[PDB]
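A lone chain, given as structure tokens: the form deposited in one PDB entry.
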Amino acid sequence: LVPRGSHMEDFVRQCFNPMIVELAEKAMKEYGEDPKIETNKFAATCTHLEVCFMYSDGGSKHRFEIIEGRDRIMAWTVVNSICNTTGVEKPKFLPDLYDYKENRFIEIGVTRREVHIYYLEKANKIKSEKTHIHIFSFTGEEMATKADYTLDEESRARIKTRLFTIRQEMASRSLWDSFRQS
């Protein structure tokens, strides 16, 4: 099954900075999928991590702690350290950020559907109330808990721009349609 290369893989290495590429390869292999086979899930993991990093970059100095991109065990270690210091309740599943100005965890989703339908899926997949949720699509829409978008207009806007240019650079190498599906 494992091939020598692939269009999607070449594009993923061309399009994203090498650091988030290694981090995505690692997140995937830690859960048992091969980056070079499930290449659409590879592109998805890279986009998700890049969005998480821009989001953490969008705030004040050290407003966020980054939970995504670490190994699961260290991830949970930091989750426990945050809970047993703030007092917030240990969530059921791993968030992507903790947000100290507003004292809450954040799940970040990136979707090729309607912000409504993923938000439905992930909101009742969480069903933990406390943890905030924030969705972007490849079209430029977002959707957040209590319509509380956590960041400023300009940063969220930079995330939307980046998602749209990624979609255009998948459409140029007719990889967009295969990617949309899933």
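One rule holds for the numbers: they count along the sequence shown, beginning at 1.
Here the subject shifts to the form deposited with a small molecule bound, a form of this protein not shown in this document.
- Residue 57 is the only one of 57, 152, 148, 141 with a heavy atom lying within 4.5 Å of the small molecule in the entry with it bound.
- Proximity of residue 19 to the small molecule in the entry with it bound falls within the 4.5 Å heavy atom cutoff.
- Contact annotation: residue 66 falls within 4.5 Å of the small molecule in the entry with it bound, judged by heavy atom distances.
- The small molecule is not drawn, but in the entry with it bound it has a heavy atom within 4.5 Å of residue 53.
- Though the partner is left out of this view, residue 70 does reach within 4.5 Å of the small molecule in the entry with it bound, counting heavy atoms only.
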